[PDB]
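Notes for the one structure printed next.
Neighbour counts are summed over all protein chains in view; Cβ atoms, including those assigned to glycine, are modelled from backbone coordinates with ideal geometry. Numbers and lists here come from the model and the stated rules, or from a named source; nothing here is a laboratory result.
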Amino acid sequence: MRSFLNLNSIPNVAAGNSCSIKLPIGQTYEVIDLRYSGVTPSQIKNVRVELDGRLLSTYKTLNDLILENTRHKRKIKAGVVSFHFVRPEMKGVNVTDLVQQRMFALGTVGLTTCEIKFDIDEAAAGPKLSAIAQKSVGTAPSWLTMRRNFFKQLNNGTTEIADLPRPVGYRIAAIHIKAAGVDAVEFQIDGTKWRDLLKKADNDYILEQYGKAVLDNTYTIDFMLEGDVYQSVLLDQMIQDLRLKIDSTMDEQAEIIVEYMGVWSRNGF
Amino acid sequence: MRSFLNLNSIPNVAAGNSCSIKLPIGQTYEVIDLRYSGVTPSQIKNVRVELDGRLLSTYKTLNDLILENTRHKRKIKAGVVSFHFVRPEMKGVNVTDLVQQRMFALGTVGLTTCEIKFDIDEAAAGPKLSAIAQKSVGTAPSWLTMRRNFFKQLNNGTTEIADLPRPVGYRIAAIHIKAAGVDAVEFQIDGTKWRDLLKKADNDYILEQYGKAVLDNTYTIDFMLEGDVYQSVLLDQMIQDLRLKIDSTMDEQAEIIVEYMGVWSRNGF
Amino acid sequence: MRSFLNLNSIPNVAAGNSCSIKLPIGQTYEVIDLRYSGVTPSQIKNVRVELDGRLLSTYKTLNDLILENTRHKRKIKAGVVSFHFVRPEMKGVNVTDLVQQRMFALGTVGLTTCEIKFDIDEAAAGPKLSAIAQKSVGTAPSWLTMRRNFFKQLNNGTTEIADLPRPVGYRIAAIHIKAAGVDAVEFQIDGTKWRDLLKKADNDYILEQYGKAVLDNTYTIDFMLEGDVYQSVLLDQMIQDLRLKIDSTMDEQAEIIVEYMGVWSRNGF
Amino acid sequence: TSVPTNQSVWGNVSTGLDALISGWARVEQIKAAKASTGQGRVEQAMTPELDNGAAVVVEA
Amino acid sequence: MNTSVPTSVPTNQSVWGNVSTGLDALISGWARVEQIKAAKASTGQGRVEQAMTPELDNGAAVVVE
Amino acid sequence: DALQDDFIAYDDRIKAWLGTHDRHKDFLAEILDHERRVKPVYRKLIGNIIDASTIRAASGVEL
Ligand SMILES: [Ca+2]
Ligand SMILES: [Ca+2]
Ligand SMILES: [Ca+2]
């Protein structure tokens, strides 16, 4: 049996303020529903999910969480944005789908602090935020999704990005290139071309082919289209080159979103 | 291999008549498609599913079966209403999804009588009813869904309902509060608040979050949102208090629908 | 990890030409995305999937592949048509859904030639065709879907078709009767009526009930509505009669599509 | 100090990570076992969530 | 076709703390603990023992070898 | 296959590979050989025995 709780009131919710959603340790957080009003998702900046003071996932703005859910075609409602720790799209290969989905839940056992920090923009009309938690029996943090932010400049022609962090033992579920002039992209590991120079229209067709929604000004490289976690990129230590070849038509700075995965560690990624 | 059969003609289908769909014993009924015309679903009153003369499930009107299917976002077609014994939304935890869904099928082995009784309203224009059965190999009644009806007066303020039947060994998949002025509800068992006083808007958001459709003038407490049968309320013999705290804005009569579950017994619930 | 490749250019793509998509042997083809322009799907005739020179699946026109995907409610996009070897609708009974779906992938190991032949109509405006492959680790051809074409005369009244090929050990996933005047159909094996004389409206309701789309001028007999491969017709070497009783209202020649299934054999069906 | 250097392995195959994944699959079955019984639900009822807790970490 | 995995009852121990004690016998027991507190109250050594006991929210520890 | 001496030394170093110990173990293998000895010496005796030599041949006959 799951428990639906109305989280404690968020302290000091005001424009230009730096607030935090301190989660009580002990149980597992499958989903966290954040209700907002008097402020836009884009006005909720620097969203960070921290476990024991260490960064887990980061969102430039709350709007990126809305887009993250939209991509998987999850239920979107105005005035509310959810933090889906449990991945509903997961499919089991040697275990049930339910087990594969719940494995991403935010367990808090052994944790000292679980927080969701963010800053309220100064222009916020009259910010009002509350949260509801869909919890289950306690478990260790364990397997978690680690959304990381990276900013790289793009040229008009070809741009190569090979300096992406490769935490050993971790995996890469997907890579999102946020740019308005990306025509085609190619992904390779150690010379091996896992993703040919696919045109945007072709890449976007495959995405939609798997029930995903194409995000505006974004080139998504989904490594878990089938929902199989073992299809994701395994950051094996012996890997010598993890490269991305981007064919752009504009000279701009792109925001590269990398969805990492791995067993959460006190001293890990 | 399944068998699709055109059930025998329904005897005496006329306005103001009391008809019955007598099902032949021997096999398993996964789904029963009831075609209707010259009558409205609301004109088909007191729908009772009886096994060996005992009541299994009850519907005030056929319209409640239409709403039951609509809630799960099942295919709805005008002129036809189906009895989904097999629950398509079920997900397996230690077994396959298919096994978890088919486990609810209406097995008839060992039964003496299997009937679907109902009364045709007098205002019925020109009632015409036929049925089709989607069957499979015979099995005992076994695990079945037992829809029960309850009527309780709801006040403007706070009302508490703790006298709901607690058949030992049985489970509760969901509870539907049919009232027009329900603002928030709270569910608890033995003091433990499994469902905080959740506002309708918040409760309805979680429901939709799991692919469910919100029913008009209804507050649904779904204990199987994930499709996992083990998330439902297990009516343990030791439970001392099963309470519901309803915050209404109107003084009215609510129809409380309780979806029970358990292994069918000739002398059980 | 899967590999998305831009297949080699299709040789001699012109109106009235006979082209072929020669697939490199070694890996497994889960899906093949065929992009087309300057030609209609109906202008791409006699589509044949050949393994070692032998016929596996056949499509009168590329439009039949579009309808095949539409029926399962797969993502349809103008200018592109995919060959879904892996069946996304598959559900596991004693194995995971993923295993049951991927089991249909087009493995090429041990093969000498893998081709997708077709003829470009003479009326083609300015045909332009390219292909992309979603591949995975190599496997033998193994379990494959074998779409077969049959033409039979339907009468206005009742027609019976009992001369359908019954390859031993193979299965039948579905049968599609392409005719404009089919009212009802009945399916039986050895006298046993597995599908009663179901009216089109009733048959089509069950189809939609399982997330399928009804095709125009087609009576589909889906034996895998639940996604369970074990629900399909097992062509037992002991079946004496496999009959189809069609109640038509027109006198026309129907195109009977039979989706066979079985482990591909160099000297088999 | 310790380090690895130069190895060989089968292509596109499940590694030791999938050996852990089975452990996560096993722990789900352990939770499902508690879910089936009402005695498992009552064991979970003695779980409070607060901002503070005892932490321990050391090599051995 | 498929081979089903086992579903069974594992290590689940429900320990119901069945406390049965006579209300009058408790009233004396609660009265006896008051006398024990009174014994500590009479002596200054009893006062000094209670000064070493505060309350905190939690603990913590870290190390490496 | 790699011999006991090479195996025992490489097995002692549980992990890693540095210096000459790594280089020798990384580029290690078995061995074969080829040389002139009994066959060539016996053939030379046949040539010495056939000195100044006598003609022996085949190809003719009733066929
Ligand atoms: Ca986790
Ligand atoms: Ca049953
Ligand atoms: Ca195959």
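Each residue in the stretch C:184-235 was checked for being more than 19 Å from B:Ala78 (Cβ to Cβ), in a loop (DSSP other than H, G, I, E, B) and in contact (Cβ under 8 Å) with a residue 24 or more places away in the chain, and 11 pass. Looking across the stretch D:38-60, the residues that are more than 7 Å from chain A (Cβ to nearest Cβ), surrounded by fewer than 16 Cβ atoms within 10 Å (Cβ to Cβ) and aliphatic (A, V, I, L, M) come down to D:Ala45, D:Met46, D:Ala54, D:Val56, D:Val58, D:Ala60.
What number of residues within the stretch F:18-55 satisfy the criterion of being of a type outside the set (A, V, I, L, M) and not in a loop (DSSP other than H, G, I, E, B)? Adding up the residues that qualify gives 15. The set of residues from the stretch C:155-170 being among the polar types (S, T, N, Q) and in a loop (DSSP other than H, G, I, E, B) comprises C:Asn155, C:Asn156. In the stretch A:192-214 there is no residue matching the filter, namely being within 13 Å of chain C (Cβ to nearest Cβ), surrounded by fewer than 22 Cβ atoms within 10 Å (Cβ to Cβ) and under 15 Å from A:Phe150 (Cβ atoms). Restricting attention to the stretch D:1-49, the residues that are assigned to a loop (DSSP other than H, G, I, E, B), polar (S, T, N, Q) and more than 30 Å from A:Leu234 (Cβ to Cβ) total 2. Selection within the stretch A:72-89: residues that are surrounded by fewer than 20 Cβ atoms within 10 Å (Cβ to Cβ) and touching a residue at least 60 places away in the same chain (Cβ under 8 Å). The member of this set that is farthest from ligand 1 (Cβ to nearest atom) is A:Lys73.
Looking only at the stretch A:11-42, count how many residues are within 14 Å of chain D (Cβ to nearest Cβ) and out of contact with any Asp or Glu (no Cβ under 8 Å at 6 or more places or on another chain).
Narrowing the stretch A:11-42 to residues within 14 Å of chain D (Cβ to nearest Cβ): A:11, A:20-30, A:32.
Going one step further and asking which of them are out of contact with any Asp or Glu (no Cβ under 8 Å at 6 or more places or on another chain), we end up with A:11, A:28-30, A:32.
Total satisfying the criteria: 5.
Close Cβ contacts (under 7 Å, 6 or more residues apart or on different chains) running from residues in the stretch F:1-23 that are closer than 11 Å to D:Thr5 by Cβ to residues that are outside any helix (DSSP H, G or I) and of a type in the set (S, T, N, Q) comprise F:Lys15/D:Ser2; F:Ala16/D:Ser2; F:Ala16/D:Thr5; F:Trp17/D:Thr5; F:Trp17/D:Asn6; F:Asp22/D:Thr5. Counting only residues that are surrounded by fewer than 16 Cβ atoms within 10 Å (Cβ to Cβ) and of a type in the set (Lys, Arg), the stretch B:166-191 holds 0 of them. Look at (1) in contact with an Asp or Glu (Cβ under 6 Å, 6 or more places away or on another chain); (2) over 25 Å from B:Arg35 (Cβ atoms) and you find that B:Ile189 fails only one, number (1). The number of residues in the stretch B:222-244 being among the charged types (D, E, K, R), more than 9 Å from chain D (Cβ to nearest Cβ) and within 19 Å of A:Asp97 (Cβ to Cβ) comes to 2. Here C:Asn94, C:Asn69 are screened, and the one residue that is surrounded by fewer than 17 Cβ atoms within 10 Å (Cβ to Cβ), away from ligand 2 (no atom under 16 Å from the Cβ) and closer than 29 Å to B:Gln100 by Cβ is C:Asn94. Within the stretch C:36-81, the residues that satisfy the criterion of being among the small types (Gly, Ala, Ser) and over 25 Å from C:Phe151 (Cα atoms) are C:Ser37, C:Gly38, C:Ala78, C:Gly79. Evaluated against (1) more than 9 Å from chain A (Cβ to nearest Cβ); (2) more than 30 Å from F:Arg23 (Cα to Cα), D:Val13 falls short on exactly one condition, (2).
The strands (runs of 3 or more DSSP E) found wholly in the stretch C:44-154 and carrying at least 2 residues that are within 12 Å of ligand 3 (Cβ to nearest atom) and more than 14 Å from every other protein chain (Cβ to nearest Cβ) occupy C:143-154.
Every condition in (1) under 30 Å from A:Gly26 (Cα atoms); (2) loosely packed, with under 10 Cβ neighbours inside 10 Å is met by E:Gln35 except one, and the failing one is (1). Condition check for B:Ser248 on (1) more than 21 Å from the chain's Cα centre (by Cα); (2) within 7 Å of another protein chain (Cβ to nearest Cβ); (3) surrounded by 22 or more Cβ atoms within 10 Å (Cβ to Cβ): one failure, at (2). Selection over the stretch C:195-207 of residues that are within 22 Å of the chain's Cα centre (by Cα) and within 16 Å of C:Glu160 (Cβ to Cβ) gives a count of 1. Can we say A:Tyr29 is part of a strand (DSSP E or B), assigned by CATH to the domain that holds A:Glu115 and within 26 Å of A:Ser142 (Cα to Cα)? Yes; evaluated as a whole, the condition is true for this residue.
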